[PDB]
Amino acid sequence: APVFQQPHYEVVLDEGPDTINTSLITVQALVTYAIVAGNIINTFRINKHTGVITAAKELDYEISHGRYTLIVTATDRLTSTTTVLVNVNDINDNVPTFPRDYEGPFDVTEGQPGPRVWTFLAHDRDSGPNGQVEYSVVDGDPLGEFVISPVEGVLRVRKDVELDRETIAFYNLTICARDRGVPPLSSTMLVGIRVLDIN
Ligand SMILES: [Ca+2]
Ligand SMILES: [Ca+2]
Ligand SMILES: [Ca+2]
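Following this line, the structure appears as structure tokens:
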């Protein structure tokens, strides 16, 4: 019955398109080699003779949550088993994404201080800082009457500010979502605000 040289095998790599068709690791027992489980969307290939595990597809932190766990067999017909942990580091490869490019119209009454508009949320598929999102208003607020809370994405008129329909009747605000990855990724959406008469 064949003896695996290591009790478990392990490697740590950055996810990304540079991983396609690279040799990750070679397992050895003392004889033919297979991956029998943990091979997510056929990411991996084993050389049946040489025992080298190659990435057929891009290593992806978002599919693996940072670790692929492969069950490998060695057979001559007696069989023995091990595990191959392919540990993956997260890179900033997902843009913070709003589900719609435009939402509107959101009604707001003139003549009242600090009314709420609505909450916007961009999703980021990355983890850690790479997945954390900061919100801002980057256009369409020429008098500085609005704020979006930078973590919670709540758009409101500033506390001690009242709108006035005759001054400005409609706003189209560009909202920016920026992640805390290096380099950072961002996207924008458009918010349509209609200002209502105090009747
Ligand atoms: Ca990825
Ligand atoms: Ca990532
Ligand atoms: Ca990101």
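Residue numbers for the sequence shown, in the authors' numbering: 1608 to 1637, 1647 to 1692, 1700 to 1822.
Backbone N, C-alpha and C define an ideal beta-carbon position, used for all residues, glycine too.
Does the distance from the CB of residue i to the CB of residue j come in under 8 Å?
i, j, result
"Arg-1788", "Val-1770", "no"
"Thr-1720", "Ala-1745", "yes"
"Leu-1778", "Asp-1724", "no"
"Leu-1631", "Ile-1687", "no"
"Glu-1733", "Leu-1819", "yes"
"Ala-1800", "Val-1740", "no"
"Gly-1776", "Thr-1797", "no"
Out of the options, state which residue places its alpha-carbon closest to the alpha-carbon of residue i.
i, options, result
"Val-1760", "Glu-1617, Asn-1795 and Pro-1624", "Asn-1795"
"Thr-1666", "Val-1647, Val-1610, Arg-1739 and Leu-1675", "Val-1647"
"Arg-1683", "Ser-1703, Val-1711, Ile-1656 and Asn-1753", "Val-1711"
"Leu-1808", "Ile-1791, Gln-1612, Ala-1792 and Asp-1747", "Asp-1747"
"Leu-1708", "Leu-1637, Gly-1763 and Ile-1651", "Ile-1651"
"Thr-1705", "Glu-1733, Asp-1716 and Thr-1633", "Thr-1633"
"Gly-1815", "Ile-1798, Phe-1729 and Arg-1801", "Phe-1729"
"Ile-1627", "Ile-1791, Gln-1613, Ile-1798 and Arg-1661", "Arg-1661"
"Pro-1738", "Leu-1701, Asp-1749 and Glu-1785", "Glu-1785"
"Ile-1714", "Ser-1750, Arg-1700, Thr-1742 and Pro-1736", "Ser-1750"
"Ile-1657", "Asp-1676, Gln-1635 and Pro-1773", "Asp-1676"
"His-1615", "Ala-1608, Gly-1623 and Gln-1635", "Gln-1635"
Compute the Euclidean distance between the alpha carbons of residue i and residue j, then round it to the nearest angstrom.
i, j, result
"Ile-1679", "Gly-1767", "42 Å"
"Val-1610", "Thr-1689", "11 Å"
"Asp-1783", "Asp-1621", "49 Å"
"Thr-1659", "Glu-1674", "7 Å"
"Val-1718", "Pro-1765", "27 Å"
"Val-1731", "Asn-1753", "34 Å"
"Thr-1629", "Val-1805", "25 Å"
"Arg-1803", "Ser-1703", "45 Å"
"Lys-1664", "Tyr-1758", "51 Å"
"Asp-1625", "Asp-1692", "35 Å"
"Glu-1617", "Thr-1685", "9 Å"
"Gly-1654", "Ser-1810", "35 Å"
"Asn-1822", "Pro-1736", "16 Å"
Taking only three categories from DSSP, how would you classify residue i?
i, result
"residue 1695", "Between 1692 and 1700, the chain has no modelled residues, which means residue 1695 does not appear in the coordinates."
"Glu-1678", "helix"
"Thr-1659", "coil"
"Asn-1753", "helix"
"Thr-1626", "helix"
"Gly-1727", "strand"
"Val-1740", "strand"
"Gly-1815", "strand"
"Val-1805", "coil"
"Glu-1617", "strand"
"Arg-1788", "coil"
"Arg-1683", "strand"
Check your reading: residues with Cβ closer than 6 Å to ligand 1 heavy atoms: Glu-1622, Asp-1676, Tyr-1677, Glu-1678 and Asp-1716
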